[PDB]
A.B. asks: 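The structure's right below; bear with me while I get my questions together.
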Amino acid sequence: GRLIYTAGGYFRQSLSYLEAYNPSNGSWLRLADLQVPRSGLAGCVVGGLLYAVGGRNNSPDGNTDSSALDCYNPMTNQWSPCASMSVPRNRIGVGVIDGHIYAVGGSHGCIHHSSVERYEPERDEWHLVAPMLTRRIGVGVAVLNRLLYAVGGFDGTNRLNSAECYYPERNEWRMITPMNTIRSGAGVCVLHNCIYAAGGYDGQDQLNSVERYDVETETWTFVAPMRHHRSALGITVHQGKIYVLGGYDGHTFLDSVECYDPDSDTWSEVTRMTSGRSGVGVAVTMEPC
Ligand SMILES: Cn1nnc2cc([C@@H](CC(=O)O)c3ccc(Cl)cc3)ccc21
């Protein structure tokens, strides 16, 4: 589109912020709040609607996992409720294929989901598809060549370097080559022919390392590390550059936004969020009004 939207997140408690960054002028706009605070959600866009999916409201009144799908229209600057998912999914991953949204894994209390469901905007309806081979929360999800990939995460016991691929016409998951790094709460996105996995948590450390999967070669390769170690980051692609937003470095809920240039293999500090936060949902679409 034209703007990087960041929704929700966590600082001290789950957040309701919706803010949009303009790479062209470096500015931030605060837009309409989410109706319910949530961290550990995912964002995506389909047909110029921004969607906020799953997560959890960590608050002093209690902690509630979210099965919610909420619809944001930039023309109106209004959030509307859309169909809820079959199940709450905190620390969810999301992918869009052919205008359908795939909601992947995430947790509900001590339940770590391997289940996967698909949203159809024309019908405002969720349907379960084949489950992943592994339970994954803090799962990175990306789409390339109309195939969905679930990358790393946490299965309830172990943080994962494993990854798998969903073939829609076969309704089937298959393992792919595992990453060289255990990552839970990495940022996962696609750029050209490669699935990137940036940062994450291995159970001891928040990571600055970045690696990429070439679907043709089936191998993962390290690229330049980010400037900041970060888990529970938001990630998006805007005009052939990767943007990473916030996260947690073991000390600070980061406001730092970094930008990856694949030609020069370099990360650069691009802006700061209006406040530090982790577990945000990020997506790109056109300006509001
Ligand atoms: C203390 N700490 N630092 N980074 C962390 C990441 C997670 C993961 C989940 C896990 O692997 O247990 C995580 C948290 C939030 C999000 Cl949005 C994704 C993944 C949990 C605790 C962490």
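The chain is numbered in sequence order, starting from 1.
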A.B. asks: Nearest 0.5 Å, please: how far is OG in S66 from CG in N57?
C.D. replies: 8.5 Å

A.B. asks: Linking directly or through intermediates, with side-chain heavy atoms under 4.5 Å: list the remaining ILVMFWY members grouped with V129, chain and number order.
C.D. replies: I97, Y102, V104, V116, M132, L133, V139, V141, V143, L148, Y166, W173, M175

A.B. asks: Could you list the residues that satisfy disulfide (SG to SG under 2.5 Å) with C82, not counting sequence neighbours?
C.D. replies: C71

A.B. asks: Do any pairs count as a salt bridge (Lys or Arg N to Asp or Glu O under 4.0 Å) and have a residue in residues 213-228, sequence neighbours left out, and if so which ones?
C.D. replies: none

A.B. asks: Could you tell me the separation between the OG1 atom of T6 and the OH atom of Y17, rounded to the nearest 0.5 Å?
C.D. replies: 11.5 Å

A.B. asks: By side-chain hydrogen bond (donor to acceptor under 3.5 Å, both in side chains), which residues pair with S275, not counting sequence neighbours?
C.D. replies: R277

A.B. asks: Quick one: do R146 and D98 make a salt bridge, cutoff under 4.0 Å?
C.D. replies: yes

A.B. asks: With sequence neighbours excluded, tell me which residues meet side-chain contact (heavy atoms from CB on, under 4.5 Å) with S264.
C.D. replies: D261, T266

A.B. asks: Are a donor atom and an acceptor atom from the side chains of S256 and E269 found within less than 3.5 Å of each other?
C.D. replies: yes

A.B. asks: Between the main-chain N or O of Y201 and the side-chain N or O of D205, is there a donor-acceptor pair closer than 3.5 Å?
C.D. replies: no

A.B. asks: Would you check if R30 and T274 make a side-chain contact, meaning some heavy-atom pair closer than 4.5 Å?
C.D. replies: no

A.B. asks: Among the clusters formed by ILVMFWY side chains lying less than 4.5 Å apart, do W220 and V190 turn up in the same one?
C.D. replies: yes

A.B. asks: With sequence neighbours left out, write down each residue that passes side-chain contact (heavy atoms from CB on, under 4.5 Å) with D265, or none if nothing qualifies.
C.D. replies: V223, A224, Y260

A.B. asks: Using a 3.5 Å distance criterion without hydrogens, assess whether the side chain of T181 forms a donor-acceptor pair with backbone atoms of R183.
C.D. replies: no

A.B. asks: Ignoring hydrogens and angles, tell me if any N or O in the side chain of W267 forms a donor-acceptor pair with the backbone of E258 under 3.5 Å.
C.D. replies: no

A.B. asks: Can you find a side-chain donor-acceptor pair between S107 and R56 that sits under 3.5 Å?
C.D. replies: no

A.B. asks: Under a 3.5 Å distance rule, please check whether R230 uses its side chain to pair with a backbone N or O of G246 as donor and acceptor.
C.D. replies: yes

A.B. asks: Run the side-chain contact (heavy atoms from CB on, under 4.5 Å) test on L31 and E19 for me, step by step, so that the C-alpha distance in whole Å, both residues' side-chain angles and the decisive distance to 0.1 Å come before the verdict.
C.D. replies: CA-CA 6 Å; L31 297 162; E19 296 161 320; over 6 Å; no

A.B. asks: When clusters are formed by joining ILVMFWY residues with side-chain heavy atoms under 4.5 Å apart, either directly or through shared neighbours, do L34 and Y72 land in the same one?
C.D. replies: yes

A.B. asks: Only pairs at least two apart or in different chains count here, so list each side chain to side chain donor-acceptor pair (under 3.5 Å) that has a residue in residues 85-96.
C.D. replies: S86-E117, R89-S115, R89-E117

A.B. asks: About how many Å separate SG of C289 and CG of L29, when rounded to the nearest 0.5 Å?
C.D. replies: 8.5 Å

A.B. asks: With sequence neighbours excluded, tell me which residues meet side-chain contact (heavy atoms from CB on, under 4.5 Å) with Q78.
C.D. replies: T76

A.B. asks: Are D155 and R135 close enough for a salt bridge, meaning some N to O gap below 4.0 Å?
C.D. replies: no

A.B. asks: Residues two or more places apart in sequence or in another chain: which of them pass salt bridge (charged side-chain N to carboxylate O under 4.0 Å, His left out) with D70?
C.D. replies: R38

A.B. asks: Scan for ring-ring contact (aromatic ring centres under 6.0 Å, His included) pairs involving residues 136-164, sequence neighbours excluded, and state none if there are none.
C.D. replies: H112-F154

A.B. asks: In the hydrophobic cluster built from side-chain contacts under 4.5 Å, what are the other members alongside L69?
C.D. replies: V46, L49, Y51, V53, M85, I92, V94, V96, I101, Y119, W126

A.B. asks: Do we get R174 above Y167's six-membered ring, with its NZ or CZ under 6.0 Å from the centre and within 45° of the axis?
C.D. replies: yes

A.B. asks: So, are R159 and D202 salt-bridged, with charged N and O less than 4.0 Å apart?
C.D. replies: no

A.B. asks: Can you pull the disulfide bond (SG atoms under 2.5 Å apart) pairs that have at least one residue in residues 103-147, sequence neighbours excluded?
C.D. replies: none

A.B. asks: Look at the side-chain heavy atoms of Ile, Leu, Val, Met, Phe, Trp and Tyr, link any pair under 4.5 Å apart, and say whether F11 and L254 land in one connected group.
C.D. replies: no

A.B. asks: Is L18 linked to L15 within one hydrophobic cluster, defined over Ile, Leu, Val, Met, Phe, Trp and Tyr using a side-chain heavy-atom separation of less than 4.5 Å?
C.D. replies: no

A.B. asks: CG of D249 to OG of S231: how many Å apart, nearest 0.5 Å?
C.D. replies: 8.5 Å

A.B. asks: Please report the interatomic distance OG(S24) to CD(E287), rounded to the nearest 0.5 Å.
C.D. replies: 9.5 Å

A.B. asks: Once rounded to the nearest 0.5 Å, what's the spacing between atom CZ of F222 and atom CG of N180?
C.D. replies: 4.5 Å

A.B. asks: Tell me whether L147 is reachable from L144 by hopping between hydrophobic residues (I, L, V, M, F, W, Y) whose side-chain heavy atoms are closer than 4.5 Å.
C.D. replies: yes

